[PDB]
Amino acid sequence: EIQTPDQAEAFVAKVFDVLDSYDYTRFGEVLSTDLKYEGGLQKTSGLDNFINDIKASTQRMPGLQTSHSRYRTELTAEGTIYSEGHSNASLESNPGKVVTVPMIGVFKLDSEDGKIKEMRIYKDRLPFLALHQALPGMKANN
Amino acid sequence: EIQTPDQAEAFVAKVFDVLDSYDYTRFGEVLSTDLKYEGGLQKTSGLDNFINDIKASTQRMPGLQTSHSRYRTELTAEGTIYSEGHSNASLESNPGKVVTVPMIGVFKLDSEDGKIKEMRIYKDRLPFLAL
Ligand SMILES: CC(C)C1=C[C@H]2C[C@]3(C=O)[C@@H]4CC[C@@H](C)[C@H]4C[C@@]2(C)[C@]13C(=O)O
(Lines give C-alpha, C1' and ligand atoms only; values in the text may rest on other atoms or scores of the structure.)
Protein backbone atom coordinates (compact mmCIF):
# COMPACT_ATOMS: atom_id res chain seq x y z
CA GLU A 1 0.00 0.00 0.00
CA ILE A 2 1.08 3.53 -0.92
CA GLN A 3 1.44 5.79 2.13
CA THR A 4 4.20 8.30 1.30
CA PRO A 5 4.86 10.66 -1.62
CA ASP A 6 7.97 8.62 -2.48
CA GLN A 7 5.95 5.39 -2.60
CA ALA A 8 3.36 7.12 -4.78
CA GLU A 9 6.08 8.42 -7.10
CA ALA A 10 7.59 4.91 -7.36
CA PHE A 11 4.18 3.50 -8.24
CA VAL A 12 3.65 6.15 -10.94
CA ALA A 13 7.08 5.22 -12.35
CA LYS A 14 6.06 1.54 -12.42
CA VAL A 15 2.79 2.42 -14.14
CA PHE A 16 4.50 4.37 -16.92
CA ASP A 17 7.13 1.61 -17.25
CA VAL A 18 4.22 -0.68 -18.18
CA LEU A 19 2.42 1.85 -20.36
CA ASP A 20 5.58 2.91 -22.23
CA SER A 21 6.22 -0.75 -23.14
CA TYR A 22 2.99 -0.89 -25.24
CA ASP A 23 2.68 -4.49 -24.04
CA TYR A 24 -1.09 -4.38 -23.71
CA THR A 25 -1.12 -7.84 -22.09
CA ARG A 26 0.44 -6.25 -18.99
CA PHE A 27 -1.75 -3.14 -18.68
CA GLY A 28 -4.20 -4.88 -16.30
CA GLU A 29 -1.38 -5.35 -13.82
CA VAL A 30 -1.65 -1.64 -12.94
CA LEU A 31 -4.91 -0.39 -14.50
CA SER A 32 -8.38 -1.36 -13.29
CA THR A 33 -10.68 -3.01 -15.77
CA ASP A 34 -13.16 -0.19 -15.03
CA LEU A 35 -10.52 2.53 -15.67
CA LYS A 36 -11.85 6.07 -16.25
CA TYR A 37 -9.16 7.80 -18.37
CA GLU A 38 -8.96 11.35 -19.66
CA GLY A 39 -6.11 12.76 -21.75
CA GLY A 40 -7.29 16.03 -23.17
CA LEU A 41 -10.28 15.40 -25.43
CA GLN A 42 -9.55 11.66 -25.39
CA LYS A 43 -11.81 10.05 -22.79
CA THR A 44 -12.40 6.33 -22.23
CA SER A 45 -14.26 4.04 -19.86
CA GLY A 46 -12.90 0.49 -19.41
CA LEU A 47 -9.43 -0.92 -19.97
CA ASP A 48 -10.25 -2.33 -23.42
CA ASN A 49 -11.48 1.07 -24.61
CA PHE A 50 -8.28 2.64 -23.20
CA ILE A 51 -6.12 0.13 -25.08
CA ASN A 52 -7.99 0.76 -28.33
CA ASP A 53 -7.45 4.52 -27.90
CA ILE A 54 -3.66 3.95 -27.51
CA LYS A 55 -3.39 1.50 -30.41
CA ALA A 56 -4.94 4.13 -32.66
CA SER A 57 -2.24 6.56 -31.53
CA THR A 58 0.53 4.11 -32.42
CA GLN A 59 -0.92 4.25 -35.96
CA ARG A 60 -0.83 8.04 -36.17
CA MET A 61 2.83 7.67 -35.07
CA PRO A 62 4.39 4.50 -36.55
CA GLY A 63 7.18 3.21 -34.33
CA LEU A 64 6.18 5.45 -31.40
CA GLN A 65 8.58 5.21 -28.45
CA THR A 66 7.83 7.04 -25.21
CA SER A 67 9.21 7.46 -21.68
CA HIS A 68 8.25 9.47 -18.63
CA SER A 69 10.14 10.98 -15.73
CA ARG A 70 8.81 12.52 -12.49
CA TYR A 71 10.11 15.19 -10.18
CA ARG A 72 7.27 16.30 -7.87
CA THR A 73 4.58 14.02 -6.49
CA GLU A 74 2.03 14.53 -3.69
CA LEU A 75 -0.29 11.99 -2.13
CA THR A 76 -3.28 13.68 -0.57
CA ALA A 77 -5.58 12.92 2.34
CA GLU A 78 -8.28 12.10 -0.25
CA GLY A 79 -6.00 9.41 -1.65
CA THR A 80 -5.26 11.31 -4.87
CA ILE A 81 -1.83 11.07 -6.43
CA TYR A 82 -0.67 14.20 -8.27
CA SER A 83 2.59 13.61 -10.10
CA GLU A 84 4.39 16.27 -12.17
CA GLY A 85 7.08 15.23 -14.60
CA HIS A 86 7.93 15.09 -18.27
CA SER A 87 6.78 13.07 -21.28
CA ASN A 88 9.31 12.16 -24.02
CA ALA A 89 8.47 10.74 -27.44
CA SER A 90 10.22 9.69 -30.64
CA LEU A 91 9.59 7.54 -33.68
CA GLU A 92 11.83 4.49 -33.87
CA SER A 93 12.83 5.30 -37.44
CA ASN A 94 14.60 8.50 -36.28
CA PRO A 95 15.53 8.17 -32.61
CA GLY A 96 17.76 11.23 -32.57
CA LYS A 97 14.64 13.43 -32.56
CA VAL A 98 12.93 13.53 -29.16
CA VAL A 99 10.01 15.76 -28.18
CA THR A 100 9.72 16.48 -24.46
CA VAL A 101 6.90 18.35 -22.69
CA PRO A 102 5.92 18.84 -19.04
CA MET A 103 3.12 16.62 -17.86
CA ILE A 104 1.07 15.90 -14.79
CA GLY A 105 -0.90 12.78 -13.92
CA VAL A 106 -3.85 12.66 -11.54
CA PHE A 107 -4.54 9.18 -10.21
CA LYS A 108 -7.10 7.50 -7.97
CA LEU A 109 -6.56 3.93 -6.82
CA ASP A 110 -8.92 1.06 -6.13
CA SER A 111 -9.05 0.56 -2.36
CA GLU A 112 -9.02 -3.26 -2.74
CA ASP A 113 -6.20 -4.12 -5.16
CA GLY A 114 -4.35 -0.81 -5.52
CA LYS A 115 -4.76 -0.52 -9.30
CA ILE A 116 -5.48 2.78 -11.06
CA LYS A 117 -9.21 3.40 -11.28
CA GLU A 118 -9.05 7.00 -12.53
CA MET A 119 -6.17 8.44 -14.56
CA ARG A 120 -6.22 11.96 -15.98
CA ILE A 121 -3.07 12.99 -17.84
CA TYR A 122 -2.47 16.59 -18.81
CA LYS A 123 0.18 17.80 -21.24
CA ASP A 124 0.44 19.81 -24.43
CA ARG A 125 0.28 17.50 -27.44
CA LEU A 126 0.89 20.26 -29.98
CA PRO A 127 4.71 19.90 -29.84
CA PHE A 128 4.38 16.21 -30.77
CA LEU A 129 3.43 17.23 -34.32
CA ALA A 130 7.23 17.59 -34.72
CA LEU A 131 7.56 13.78 -34.83
CA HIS A 132 7.96 12.57 -38.39
CA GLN A 133 8.37 9.27 -40.23
CA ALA A 134 11.84 8.56 -41.65
CA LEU A 135 13.79 5.76 -43.30
CA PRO A 136 15.63 3.85 -40.54
CA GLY A 137 19.36 4.38 -40.96
CA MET A 138 18.88 7.42 -43.25
CA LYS A 139 19.48 10.87 -41.72
CA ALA A 140 16.13 12.72 -41.53
CA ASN A 141 16.90 15.70 -39.25
CA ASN A 142 19.35 18.56 -39.88
CA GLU B 1 -6.94 33.75 3.44
CA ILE B 2 -7.42 30.25 2.03
CA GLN B 3 -8.10 27.37 4.45
CA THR B 4 -10.37 24.89 2.61
CA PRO B 5 -10.43 23.37 -0.88
CA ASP B 6 -13.71 25.11 -1.70
CA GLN B 7 -12.04 28.42 -0.77
CA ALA B 8 -8.99 27.50 -2.88
CA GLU B 9 -11.29 26.77 -5.83
CA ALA B 10 -13.02 30.15 -5.48
CA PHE B 11 -9.66 31.87 -5.52
CA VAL B 12 -8.53 30.03 -8.65
CA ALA B 13 -11.78 31.12 -10.31
CA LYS B 14 -11.06 34.74 -9.39
CA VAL B 15 -7.50 34.40 -10.71
CA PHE B 16 -8.72 33.13 -14.09
CA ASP B 17 -11.33 35.90 -14.25
CA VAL B 18 -8.41 38.36 -14.03
CA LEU B 19 -6.26 36.46 -16.52
CA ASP B 20 -9.12 36.06 -19.03
CA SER B 21 -9.64 39.83 -19.05
CA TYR B 22 -6.15 40.37 -20.55
CA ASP B 23 -6.09 43.57 -18.48
CA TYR B 24 -2.45 43.33 -17.55
CA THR B 25 -2.79 46.34 -15.21
CA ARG B 26 -4.67 44.00 -12.85
CA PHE B 27 -2.47 40.90 -13.01
CA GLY B 28 -0.59 42.00 -9.89
CA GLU B 29 -3.80 41.88 -7.87
CA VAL B 30 -3.39 38.07 -7.80
CA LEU B 31 0.10 37.18 -9.14
CA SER B 32 3.33 37.69 -7.27
CA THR B 33 6.04 39.94 -8.68
CA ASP B 34 8.36 36.90 -8.71
CA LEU B 35 5.84 34.51 -10.33
CA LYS B 36 7.30 31.28 -11.71
CA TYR B 37 4.98 30.18 -14.53
CA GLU B 38 5.07 27.15 -16.77
CA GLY B 39 2.49 26.29 -19.44
CA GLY B 40 3.83 23.48 -21.59
CA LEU B 41 6.84 24.92 -23.43
CA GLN B 42 5.97 28.44 -22.20
CA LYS B 43 8.02 29.23 -19.10
CA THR B 44 8.61 32.59 -17.44
CA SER B 45 10.09 34.02 -14.24
CA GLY B 46 8.83 37.37 -12.94
CA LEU B 47 5.41 38.97 -13.43
CA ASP B 48 6.78 41.38 -16.05
CA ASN B 49 8.01 38.44 -18.14
CA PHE B 50 4.71 36.59 -17.69
CA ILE B 51 2.75 39.58 -18.96
CA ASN B 52 5.09 40.05 -21.92
CA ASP B 53 4.83 36.36 -22.85
CA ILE B 54 1.01 36.39 -22.77
CA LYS B 55 0.99 39.66 -24.72
CA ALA B 56 3.31 38.15 -27.35
CA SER B 57 1.47 34.79 -27.55
CA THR B 58 -1.89 36.48 -28.09
CA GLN B 59 -0.76 39.13 -30.59
CA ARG B 60 -1.44 36.61 -33.39
CA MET B 61 -4.91 35.85 -31.97
CA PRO B 62 -6.78 39.12 -32.35
CA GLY B 63 -10.29 38.86 -30.99
CA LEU B 64 -9.33 36.03 -28.62
CA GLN B 65 -11.91 35.40 -25.90
CA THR B 66 -11.21 32.94 -23.10
CA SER B 67 -12.98 31.72 -20.00
CA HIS B 68 -12.41 28.95 -17.46
CA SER B 69 -14.50 26.68 -15.31
CA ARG B 70 -13.49 24.57 -12.32
CA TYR B 71 -14.38 20.95 -11.63
CA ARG B 72 -12.32 19.44 -8.79
CA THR B 73 -9.86 21.21 -6.48
CA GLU B 74 -7.67 19.98 -3.61
CA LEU B 75 -5.69 22.02 -1.11
CA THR B 76 -2.89 19.93 0.36
CA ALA B 77 -1.36 20.00 3.82
CA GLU B 78 1.69 21.83 2.47
CA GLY B 79 -0.48 24.42 0.74
CA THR B 80 -0.47 23.30 -2.87
CA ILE B 81 -3.63 23.99 -4.84
CA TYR B 82 -4.40 21.43 -7.55
CA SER B 83 -7.42 22.64 -9.51
CA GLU B 84 -8.88 20.63 -12.40
CA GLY B 85 -11.28 22.37 -14.73
CA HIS B 86 -11.69 23.39 -18.35
CA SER B 87 -10.33 26.15 -20.58
CA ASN B 88 -12.62 27.65 -23.25
CA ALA B 89 -11.49 29.79 -26.20
CA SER B 90 -13.22 31.46 -29.17
CA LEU B 91 -12.61 34.38 -31.51
CA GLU B 92 -14.76 37.51 -31.60
CA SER B 93 -15.07 37.06 -35.38
CA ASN B 94 -16.84 33.73 -34.86
CA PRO B 95 -17.99 33.51 -31.23
CA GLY B 96 -20.09 30.40 -31.69
CA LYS B 97 -17.00 28.30 -32.46
CA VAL B 98 -15.71 27.44 -29.00
CA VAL B 99 -12.83 25.08 -28.23
CA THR B 100 -12.93 23.63 -24.72
CA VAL B 101 -10.26 21.37 -23.28
CA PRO B 102 -9.65 19.97 -19.81
CA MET B 103 -6.95 21.70 -17.78
CA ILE B 104 -5.32 21.54 -14.40
CA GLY B 105 -3.51 24.29 -12.58
CA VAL B 106 -0.93 23.77 -9.85
CA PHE B 107 -0.50 26.78 -7.60
CA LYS B 108 1.62 27.82 -4.64
CA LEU B 109 0.91 31.02 -2.75
CA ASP B 110 3.09 33.67 -1.19
CA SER B 111 2.71 33.31 2.58
CA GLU B 112 3.00 37.08 3.13
CA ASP B 113 0.28 38.32 0.76
CA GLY B 114 -1.58 35.25 -0.59
CA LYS B 115 -0.68 35.99 -4.23
CA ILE B 116 0.31 33.23 -6.63
CA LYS B 117 4.04 32.63 -6.61
CA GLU B 118 4.09 29.44 -8.70
CA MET B 119 1.60 28.64 -11.44
CA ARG B 120 1.89 25.54 -13.64
CA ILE B 121 -0.95 25.04 -16.13
CA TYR B 122 -1.33 21.80 -18.03
CA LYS B 123 -3.64 21.19 -21.00
CA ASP B 124 -3.59 20.10 -24.63
CA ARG B 125 -3.25 23.07 -26.97
CA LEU B 126 -3.54 21.05 -30.20
CA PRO B 127 -7.37 21.52 -30.33
CA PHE B 128 -6.83 25.28 -30.40
CA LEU B 129 -5.40 25.03 -33.96
CA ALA B 130 -9.10 24.89 -35.00
CA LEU B 131 -9.65 28.55 -34.07
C1 LIG C 1 -5.26 29.44 -26.58
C2 LIG C 1 -4.07 29.35 -25.63
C3 LIG C 1 -2.79 29.25 -26.44
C4 LIG C 1 -3.93 30.59 -24.74
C5 LIG C 1 -4.35 31.87 -25.02
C6 LIG C 1 -4.13 32.65 -23.74
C7 LIG C 1 -5.19 32.09 -22.79
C8 LIG C 1 -4.62 30.74 -22.35
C9 LIG C 1 -5.67 29.64 -22.55
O10 LIG C 1 -5.96 28.89 -21.65
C11 LIG C 1 -4.08 30.78 -20.91
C12 LIG C 1 -5.01 30.85 -19.67
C13 LIG C 1 -4.07 31.37 -18.57
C14 LIG C 1 -2.97 32.15 -19.30
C15 LIG C 1 -1.62 31.49 -19.07
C16 LIG C 1 -3.47 32.15 -20.76
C17 LIG C 1 -2.40 32.42 -21.81
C18 LIG C 1 -2.84 32.01 -23.23
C19 LIG C 1 -1.63 32.31 -24.14
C20 LIG C 1 -3.41 30.60 -23.32
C21 LIG C 1 -2.47 29.42 -23.04
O22 LIG C 1 -1.27 29.55 -22.84
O23 LIG C 1 -2.93 28.26 -23.01
Side-chain angles (χ1 to χ4, degrees), chain A residues 38-42 84 86-87 99-104 106 120-130, chain B residues 8-73 80-110 115-131:
Chain A
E38 297 183 22
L41 299 181
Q42 307 309 120
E84 288 184 274
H86 292 78
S87 183
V99 178
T100 298
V101 301
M103 60 77 60
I104 186 172
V106 185
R120 297 183 294 276
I121 305 293
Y122 299 81
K123 71 192 171 196
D124 193 351
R125 297 193 180 100
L126 182 52
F128 294 98
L129 298 188
Chain B
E9 187 163 89
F11 179 61
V12 172
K14 167 181 166 172
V15 169
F16 283 114
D17 286 343
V18 172
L19 296 173
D20 288 327
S21 75
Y22 301 92
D23 185 352
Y24 304 114
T25 69
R26 298 200 283 132
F27 278 27
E29 295 176 358
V30 296
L31 303 181
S32 166
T33 295
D34 62 323
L35 178 66
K36 306 189 166 315
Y37 162 69
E38 194 166 44
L41 300 185
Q42 306 305 308
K43 187 174 182 178
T44 59
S45 185
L47 178 57
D48 57 343
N49 290 322
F50 178 73
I51 287 163
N52 291 332
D53 198 56
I54 307 305
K55 177 78 187 270
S57 292
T58 59
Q59 281 332 90
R60 286 285 295 282
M61 257 174 315
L64 175 69
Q65 299 169 319
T66 55
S67 62
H68 289 75
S69 56
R70 287 122 309 270
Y71 157 49
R72 191 192 180 281
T73 301
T80 309
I81 302 169
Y82 293 98
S83 187
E84 292 182 273
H86 295 80
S87 172
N88 312 308
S90 59
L91 298 183
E92 172 154 33
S93 56
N94 185 15
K97 175 62 185 180
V98 183
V99 174
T100 294
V101 299
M103 66 72 69
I104 184 173
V106 182
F107 308 85
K108 302 287 232 167
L109 304 188
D110 186 302
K115 293 182 179 180
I116 295 171
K117 66 173 178 192
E118 294 174 28
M119 183 167 67
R120 298 184 293 276
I121 302 178
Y122 300 81
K123 68 178 173 293
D124 192 359
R125 301 194 181 100
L126 191 150
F128 296 131
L129 285 183
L131 284 184

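In what follows, chains carry the letters A, B, and so on, assigned in the order in which the sequence lines appear, proteins first and then strands, with residues in each chain numbered from 1. Just follow the structure's listing: the first ligand is 1, and inside any ligand the first atom is 1.
Within 4.0 Å of atom 4 (C) of ligand 1, not a single protein heavy atom is present. Under the 4.0 angstrom criterion, atom 18 (C) of ligand 1 counts as lacking any protein heavy-atom contact.
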Next item on the list: Evaluate side chain to side chain contact (heavy atoms under 4.5 Å, CB included) for B:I116 paired with B:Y37, printing each intermediate quantity in order.
Entry: CA-CA 10 Å; B:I116 295 171; B:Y37 162 69; over 6 Å; no
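Shown in contact with B:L64 at under 4.0 Å from a heavy atom are these atoms of ligand 1, numbered in order with element: 5 (C). When each atom of ligand 1 is checked for a heavy atom of B:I54 under 4.0 Å away, the hits are 15 (C), 17 (C). Atoms of ligand 1 lying under 4.0 Å from any heavy atom of B:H68, numbered from 1 in the order shown and given with element: 10 (O), 12 (C). Below 4.0 Å from some heavy atom of B:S87 lie the following atoms of ligand 1, by number and element: 9 (C), 10 (O).
The 12-atom threshold is not exceeded at CD of B:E92, counting heavy atoms of other residues, nucleotides or ligands nearer than 6.0 Å.
Nearest protein heavy-atom contact of atom 1 (C) of ligand 1 is B:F128 CD1, 3.7 Å. Closest to atom 7 (C) of ligand 1 among all protein heavy atoms lies B:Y22 OH, 3.0 Å. The shortest contact between atom 15 (C) of ligand 1 and any protein heavy atom is with B:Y37 OH, 3.4 Å.
The closest non-hydrogen atom to atom 22 (O) of ligand 1, taken over B:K123, B:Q42, B:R125, comes from B:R125.
Annotation for B:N49 and B:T44: closest pair O-CG2, 3.7 Å, computed over non-hydrogen atoms.
Using 4.0 Å as the threshold, B:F27 has no heavy atom nearer than that to any atom of ligand 1.
A donor-acceptor contact shorter than 3.5 Å links the side chain of A:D124 to the backbone of B:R125. Checked by atom type and distance alone, the side chain of B:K97 never pairs as donor or acceptor with a backbone atom of B:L131 at under 3.5 Å.
Summarising the geometry, atom OH belonging to B:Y71 is positioned 10.5 Å from atom CD belonging to B:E9; distances are rounded to the nearest 0.5 Å. Separation of atoms CD1 (A:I121) and CD1 (B:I104) is listed at 10.0 Å; rounding is to 0.5 Å.
Aromatic ring pairs are classed by plane angle as parallel below 30°, tilted from 30° to 60° and perpendicular above 60°; the pair B:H68 and B:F16 is parallel.
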